[PDB]
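Read the structure below first, then the notes.
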Amino acid sequence: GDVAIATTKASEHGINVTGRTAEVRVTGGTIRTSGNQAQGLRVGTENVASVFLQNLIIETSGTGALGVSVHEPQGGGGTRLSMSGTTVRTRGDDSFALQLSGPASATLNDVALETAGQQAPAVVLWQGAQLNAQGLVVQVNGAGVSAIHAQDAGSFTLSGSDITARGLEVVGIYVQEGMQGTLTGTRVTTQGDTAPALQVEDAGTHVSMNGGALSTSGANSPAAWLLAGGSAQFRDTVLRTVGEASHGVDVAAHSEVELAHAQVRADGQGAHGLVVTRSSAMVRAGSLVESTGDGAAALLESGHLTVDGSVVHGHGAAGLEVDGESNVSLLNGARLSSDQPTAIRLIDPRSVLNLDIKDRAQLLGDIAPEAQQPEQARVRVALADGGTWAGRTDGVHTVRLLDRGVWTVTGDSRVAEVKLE
Amino acid sequence: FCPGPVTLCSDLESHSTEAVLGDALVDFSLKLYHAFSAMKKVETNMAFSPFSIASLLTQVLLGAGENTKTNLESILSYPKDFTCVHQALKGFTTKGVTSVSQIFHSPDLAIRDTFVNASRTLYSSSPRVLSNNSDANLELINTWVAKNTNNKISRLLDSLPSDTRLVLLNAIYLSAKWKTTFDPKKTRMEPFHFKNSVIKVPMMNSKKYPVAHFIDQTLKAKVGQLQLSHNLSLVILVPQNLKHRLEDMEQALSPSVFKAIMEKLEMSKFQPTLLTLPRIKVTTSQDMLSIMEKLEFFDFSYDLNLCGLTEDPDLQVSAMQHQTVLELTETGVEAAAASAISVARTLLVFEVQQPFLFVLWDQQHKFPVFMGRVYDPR
């Protein structure tokens, strides 16, 4: 039941609770170890030890050093940690603020932990390692590789926390090897040089965000990157992505993004609001996708893009802009405009674009290759129950229209076929 | 006059040339690739070893006369009096790829002892002599080549001419393996785009395989470099998108372009990556005679002079053959996989889904040992 300060020389293990199956409830004070590979508050053991580190400063500093890093074996449930205040600050080549190994269990309320090392993540969670966190202000720097890094079936839930990574190749929130992350109130930020705000990739991991202004900058840095079967599902987020070569949301092979009612604004040089590659996005009740740059905002390539009750916008260069075998499907008023001619560009003339429009959609733009092409191309179109194209094509193959279908053509257009109904 | 016995140049220039030798090798590899892409069929994956062709042609040169000497010298893009090249070539000989180059001739044909001894000293081999007849001679050719390449090259040469005064021969197969073992299980069927049709092809996958990747705008291509054993690097050039046809990249490839690409690559770093790539297995037999014709060279066809090699007034290559074998799979040099304590966070995802141009490279001497292209990865 420690209550006061505990300094330390350049020697590790300022406070460790390895075994004896007890609780510490350190009330407050300060630990300022500075050894090499020293750790202020290791709690695990070689081979239940609940602690409560109430407000207290752990400003260690040393190569390989790390603040409280309780780790426990797979068996026997786990160990409980609970913090508050505790401005844990580290500065070391690989110093972790919170590394939580097998079956760990922690709950945080006002952590506000900082690091400045070389490849030092703020909180890394290994196997097991369920985490509940509020008011986190973790901010990383240096040439590291990630802020909160969740791995191998970990389960973390952040509320009202903010993550501000810095330094080149730094990821805001990196989840992979299975996860159940849930962010609510988070405002993950970032600095450029290939610094995706949120990277999720297992084909088993799943992130569910809520009103979290994922924001990047600098060189190519996907705001949200879903890889190898990852699964994001947003709720009123703001994926501002002002950065050269950036991407509002990059959904890669086997991945699936359930974006819903969230602004996804990409800005800067060649960058797409949403790049779906051999995956399946679904913008349900969304609110926007902008490009404003060189590239289009809705780049499909073998992807099942499904807008619904949202505006995909070619504000800068182009709208959908498929190049591949897409399966686009607008409905319920998807104002896929481009503030320009040629809403749905497509570089490949024969890109099999099984486009669609249903029940309220408005395609307010043209279709066009990157050149002039009179050949036969693999592009379709459909409309019904209010679907309304409002543009010129010059490049479509079949434009079959169903009941309530309204093409409302505007100018010269060579079309390989039509079917009115 | 015939060229005098070679002088073993001082070790001073033994390494003062390796730069010039590497640049000449790269230029020759580009030229020979263009010739091959000419001769072969359009959508036909091919592989060849500019290293081995260069070595065999250097053998010929050492046995060359004067006019053909100069012609082949220009073809290989060598400086005049590039003597140490011979010894220089020996320095380039790497342990990762096993080569077999040889010269056969009719027992009637006479071979100057000077050339025999010099070649034995440098190239550690001497012109084999054929039997009195030919058919059994072809049998012997095939058997010798097969048993001197660990049986990898089974049936090297078949269409041997009825009359054969002289023959060159060469064949090489890569022996180095992946410096980082690929998982077998990760191999999966995936979509490959040879044309509009999309095929399901096997491909191995690595979660965090250390690649060296970037984009060269001029050629409008993505270049990815992978590591091997024996200090070897597999460079793969893929079109930027699914639209850019590989013919486009091949034609757009120029000496300076390729040199800049390779240098910028070598200065790069091996950032982790989610890597997907199809199992590469390319075999290629081919008659060099057509290629030699299509490189402005003709002495192999007309008015061949090889005093340094023989004395026959009627001199000609009856049939010069080449064979190359490449096979890469999950058989890496070592399972480099790591444990949970890693924070790697794979950065840039790399996957080849269309016919690519691949060069295997030394990076210890900066010359392309192998070169070719893959269209049908099966």
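Simple scheme: letters A, B, ... for chains in structure tokens order, numbers from 1 for residues in each chain, numbers from 1 for ligands in the order shown.
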For the strand (DSSP E or B) assignment from backbone DSSP, which residues of region 123-161 of chain A qualify? Please present them as a list in words.
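Residues meeting the strand (DSSP E or B) criterion: residues 123, 124, 125, 130, 131, 132, 133, 134, 139, 146, 149, 150, 151, 154, 155, 156, 157, 158 and 159 of chain A.
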Can you write just those residues out, C-alpha atoms, as a JSON list (two decimals), in the first residue's frame?
```
[["chain", "number", "residue", "atom", "x", "y", "z"],
["A", 123, "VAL", "CA", 0.89, 1.05, -25.32],
["A", 124, "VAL", "CA", 1.54, -2.36, -26.86],
["A", 125, "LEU", "CA", -0.78, -5.22, -25.94],
["A", 130, "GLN", "CA", -7.77, -6.58, -22.56],
["A", 131, "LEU", "CA", -7.72, -2.83, -22.00],
["A", 132, "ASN", "CA", -10.25, -0.15, -21.07],
["A", 133, "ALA", "CA", -9.00, 3.42, -21.33],
["A", 134, "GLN", "CA", -10.43, 6.91, -20.86],
["A", 139, "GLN", "CA", 1.69, 11.12, -27.86],
["A", 146, "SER", "CA", 3.19, 3.04, -33.86],
["A", 149, "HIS", "CA", -0.28, -1.28, -30.90],
["A", 150, "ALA", "CA", -2.79, -4.07, -30.26],
["A", 151, "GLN", "CA", -2.02, -7.65, -31.21],
["A", 154, "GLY", "CA", -6.22, -8.24, -27.57],
["A", 155, "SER", "CA", -9.31, -6.24, -26.71],
["A", 156, "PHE", "CA", -9.06, -2.50, -26.13],
["A", 157, "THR", "CA", -11.69, 0.21, -25.79],
["A", 158, "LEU", "CA", -10.71, 3.88, -25.85],
["A", 159, "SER", "CA", -13.06, 6.68, -24.81]]
```
Distance-based interface of chain B with chain A, 9 Å, counting only C-alpha atoms, as an MDAnalysis selection string:
chainID B and resid 196 241:243 274 340:341 343:345 347:349
Residues as selected, N, CA and C atoms, written as a PDB file, in the first residue's frame, can you do that?
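Just written: part_2.pdb:
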```
ATOM      1  N   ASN B 196      -7.676 -10.224 -70.752  1.00  0.00           N
ATOM      2  CA  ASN B 196      -8.967  -9.935 -70.136  1.00  0.00           C
ATOM      3  C   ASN B 196      -9.374 -11.032 -69.161  1.00  0.00           C
ATOM      4  N   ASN B 241      -0.230  -0.024 -63.481  1.00  0.00           N
ATOM      5  CA  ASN B 241      -1.600  -0.486 -63.300  1.00  0.00           C
ATOM      6  C   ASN B 241      -1.852  -1.767 -64.082  1.00  0.00           C
ATOM      7  N   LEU B 242      -3.111  -2.195 -64.150  1.00  0.00           N
ATOM      8  CA  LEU B 242      -3.466  -3.337 -64.978  1.00  0.00           C
ATOM      9  C   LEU B 242      -3.580  -2.974 -66.452  1.00  0.00           C
ATOM     10  N   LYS B 243      -3.458  -1.689 -66.791  1.00  0.00           N
ATOM     11  CA  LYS B 243      -3.614  -1.266 -68.178  1.00  0.00           C
ATOM     12  C   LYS B 243      -2.276  -1.257 -68.906  1.00  0.00           C
ATOM     13  N   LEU B 274       3.534  -6.816 -46.895  1.00  0.00           N
ATOM     14  CA  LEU B 274       2.695  -7.956 -47.229  1.00  0.00           C
ATOM     15  C   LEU B 274       2.959  -8.292 -48.687  1.00  0.00           C
ATOM     16  N   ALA B 340       6.008 -12.766 -31.317  1.00  0.00           N
ATOM     17  CA  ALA B 340       5.030 -11.751 -30.952  1.00  0.00           C
ATOM     18  C   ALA B 340       5.673 -10.457 -30.474  1.00  0.00           C
ATOM     19  N   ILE B 341       6.941 -10.489 -30.072  1.00  0.00           N
ATOM     20  CA  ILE B 341       7.581  -9.325 -29.467  1.00  0.00           C
ATOM     21  C   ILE B 341       7.871  -8.276 -30.533  1.00  0.00           C
ATOM     22  N   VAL B 343       7.100  -5.412 -33.508  1.00  0.00           N
ATOM     23  CA  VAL B 343       6.220  -4.265 -33.699  1.00  0.00           C
ATOM     24  C   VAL B 343       6.254  -3.858 -35.167  1.00  0.00           C
ATOM     25  N   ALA B 344       6.485  -4.832 -36.048  1.00  0.00           N
ATOM     26  CA  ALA B 344       6.939  -4.534 -37.404  1.00  0.00           C
ATOM     27  C   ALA B 344       6.003  -3.573 -38.128  1.00  0.00           C
ATOM     28  N   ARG B 345       4.708  -3.880 -38.169  1.00  0.00           N
ATOM     29  CA  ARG B 345       3.741  -3.017 -38.845  1.00  0.00           C
ATOM     30  C   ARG B 345       4.085  -2.850 -40.329  1.00  0.00           C
ATOM     31  N   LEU B 347       4.514  -2.024 -43.923  1.00  0.00           N
ATOM     32  CA  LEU B 347       4.313  -0.652 -44.380  1.00  0.00           C
ATOM     33  C   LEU B 347       3.634  -0.577 -45.745  1.00  0.00           C
ATOM     34  N   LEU B 348       4.254  -1.150 -46.771  1.00  0.00           N
ATOM     35  CA  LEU B 348       3.763  -1.052 -48.141  1.00  0.00           C
ATOM     36  C   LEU B 348       3.491  -2.451 -48.669  1.00  0.00           C
ATOM     37  N   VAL B 349       2.275  -2.674 -49.155  1.00  0.00           N
ATOM     38  CA  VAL B 349       1.845  -3.993 -49.606  1.00  0.00           C
ATOM     39  C   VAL B 349       2.217  -4.159 -51.072  1.00  0.00           C
TER      40      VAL B 349
END
```
Give me, as a list in words, all polymer residues having an atom no more than 8 Å from residue 13 (chain A), counting only C-alpha atoms and skipping those fewer than 3 positions away in the same chain.
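In the requested format, the answer is residues 16, 38, 39, 40, 41 and 42 of chain A.
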Please produce a file of the residues just selected, as a compact mmCIF listing (two decimals), in the first residue's frame, where the atoms kept are C-alpha atoms.
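The file below, again.txt, is the result:
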```
# COMPACT_ATOMS: atom_id res chain seq x y z
CA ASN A 16 8.08 -4.84 -9.24
CA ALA A 38 15.17 -0.31 -16.29
CA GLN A 39 11.40 -0.48 -15.92
CA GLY A 40 9.57 1.55 -13.31
CA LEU A 41 6.61 -0.71 -12.61
CA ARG A 42 7.04 -4.20 -14.01
```
Which residues are close to residue 396 (chain A), i.e. within 8 Å by only C-alpha atoms, leaving aside same-chain residues fewer than 6 positions away? Reply as a list in words.
residues 367, 377, 378, 379, 380, 414, 415 and 416 of chain A
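Counting only C-alpha atoms, the residue from B:321, B:55, B:83, B:353 that sits nearest to residue 10 (chain B) is B:83.
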All residues 8 Å or closer to residue 207 (chain A), only C-alpha atoms, same chain fewer than 6 positions away omitted, as JSON, numbers by chain
{"A": [179, 180, 181, 182, 183, 200, 231, 232, 233]}
Please report the interatomic distance between CA of residue 392 (chain A) and CA of residue 312 (chain A) in Å with one decimal.
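A separation of 18.4 Å between them.
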Measure the distance from CA of residue 86 (chain A) to CA of residue 7 (chain A) in Å and round it to one decimal.
14.8 Å
Nearest to residue 247 (chain B) by atom-to-atom distance, counting only C-alpha atoms, from B:29, B:324, B:7, B:43:
B:43
Near residue 276 (chain B), counting only C-alpha atoms, which residues have an atom at most 7 Å away, once you skip same-chain residues fewer than 2 positions from it, shown as a PDB file with C-alpha atoms, in the first residue's frame?
```
ATOM      1  CA  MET B 203       1.190 -17.626 -55.208  1.00  0.00           C
ATOM      2  CA  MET B 204       3.158 -17.555 -51.984  1.00  0.00           C
ATOM      3  CA  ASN B 205       2.522 -14.912 -49.340  1.00  0.00           C
ATOM      4  CA  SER B 206       4.687 -13.291 -46.677  1.00  0.00           C
ATOM      5  CA  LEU B 274       2.695  -7.956 -47.229  1.00  0.00           C
ATOM      6  CA  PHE B 350       3.294  -5.590 -52.746  1.00  0.00           C
ATOM      7  CA  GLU B 351       1.555  -8.060 -55.044  1.00  0.00           C
ATOM      8  CA  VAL B 352       2.326  -8.929 -58.665  1.00  0.00           C
TER       9      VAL B 352
END
```
Give me, as a ChimeraX atom specification, all polymer residues having an atom no more than 6 Å from region 54-58 of chain A, counting only C-alpha atoms and skipping those fewer than 3 positions away in the same chain.
/A:27-32,83-88
Please, what distance in Å, to one decimal, runs between CA of residue 71 (chain A) and CA of residue 110 (chain A)?
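About the pair CA of residue 71 (chain A) and CA of residue 110 (chain A): they are 21.2 Å apart.
Of the residues under consideration (A:116, A:17, A:262, A:318), A:262 shows the shortest atom-to-atom contact distance to residue 237 (chain A) when counting only C-alpha atoms.
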Check region 132-239 of chain B with DSSP on the backbone and list each residue it calls alpha helix (DSSP H), as number ranges by chain.
B: 135-147
Could those residues be written to a file, using N, CA, C and O atoms, as an mmCIF file, in the first residue's frame?
```cif
data_model
loop_
_atom_site.group_PDB
_atom_site.id
_atom_site.type_symbol
_atom_site.label_atom_id
_atom_site.label_comp_id
_atom_site.auth_asym_id
_atom_site.auth_seq_id
_atom_site.Cartn_x
_atom_site.Cartn_y
_atom_site.Cartn_z
ATOM 1 N N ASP B 135 25.731 -38.572 -84.710
ATOM 2 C CA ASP B 135 24.622 -39.028 -83.880
ATOM 3 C C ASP B 135 25.087 -39.389 -82.471
ATOM 4 O O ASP B 135 24.630 -38.808 -81.477
ATOM 5 N N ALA B 136 26.005 -40.350 -82.369
ATOM 6 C CA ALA B 136 26.596 -40.650 -81.073
ATOM 7 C C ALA B 136 27.239 -39.412 -80.469
ATOM 8 O O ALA B 136 27.290 -39.271 -79.243
ATOM 9 N N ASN B 137 27.730 -38.501 -81.312
ATOM 10 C CA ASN B 137 28.298 -37.259 -80.802
ATOM 11 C C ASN B 137 27.236 -36.417 -80.107
ATOM 12 O O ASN B 137 27.488 -35.845 -79.043
ATOM 13 N N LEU B 138 26.042 -36.326 -80.697
ATOM 14 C CA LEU B 138 24.950 -35.618 -80.036
ATOM 15 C C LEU B 138 24.565 -36.303 -78.732
ATOM 16 O O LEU B 138 24.299 -35.639 -77.720
ATOM 17 N N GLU B 139 24.499 -37.633 -78.750
ATOM 18 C CA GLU B 139 24.255 -38.375 -77.518
ATOM 19 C C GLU B 139 25.256 -37.979 -76.440
ATOM 20 O O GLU B 139 24.884 -37.704 -75.293
ATOM 21 N N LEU B 140 26.539 -37.952 -76.801
ATOM 22 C CA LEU B 140 27.580 -37.589 -75.849
ATOM 23 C C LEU B 140 27.408 -36.158 -75.361
ATOM 24 O O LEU B 140 27.593 -35.874 -74.176
ATOM 25 N N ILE B 141 27.091 -35.238 -76.272
ATOM 26 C CA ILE B 141 26.841 -33.850 -75.889
ATOM 27 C C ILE B 141 25.802 -33.796 -74.781
ATOM 28 O O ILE B 141 26.027 -33.225 -73.702
ATOM 29 N N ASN B 142 24.638 -34.386 -75.049
ATOM 30 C CA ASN B 142 23.545 -34.328 -74.087
ATOM 31 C C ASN B 142 23.945 -34.978 -72.771
ATOM 32 O O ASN B 142 23.691 -34.428 -71.695
ATOM 33 N N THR B 143 24.581 -36.147 -72.836
ATOM 34 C CA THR B 143 24.942 -36.852 -71.611
ATOM 35 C C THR B 143 25.932 -36.049 -70.779
ATOM 36 O O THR B 143 25.782 -35.934 -69.557
ATOM 37 N N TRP B 144 26.953 -35.487 -71.424
ATOM 38 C CA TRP B 144 27.957 -34.708 -70.714
ATOM 39 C C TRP B 144 27.324 -33.503 -70.038
ATOM 40 O O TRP B 144 27.527 -33.265 -68.839
ATOM 41 N N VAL B 145 26.534 -32.734 -70.791
ATOM 42 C CA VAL B 145 25.912 -31.552 -70.205
ATOM 43 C C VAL B 145 24.998 -31.949 -69.056
ATOM 44 O O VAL B 145 24.991 -31.308 -67.999
ATOM 45 N N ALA B 146 24.219 -33.018 -69.235
ATOM 46 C CA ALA B 146 23.289 -33.434 -68.193
ATOM 47 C C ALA B 146 24.021 -33.842 -66.922
ATOM 48 O O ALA B 146 23.608 -33.476 -65.815
ATOM 49 N N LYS B 147 25.107 -34.601 -67.054
ATOM 50 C CA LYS B 147 25.786 -35.092 -65.862
ATOM 51 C C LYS B 147 26.729 -34.064 -65.258
ATOM 52 O O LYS B 147 27.218 -34.278 -64.144
#
```
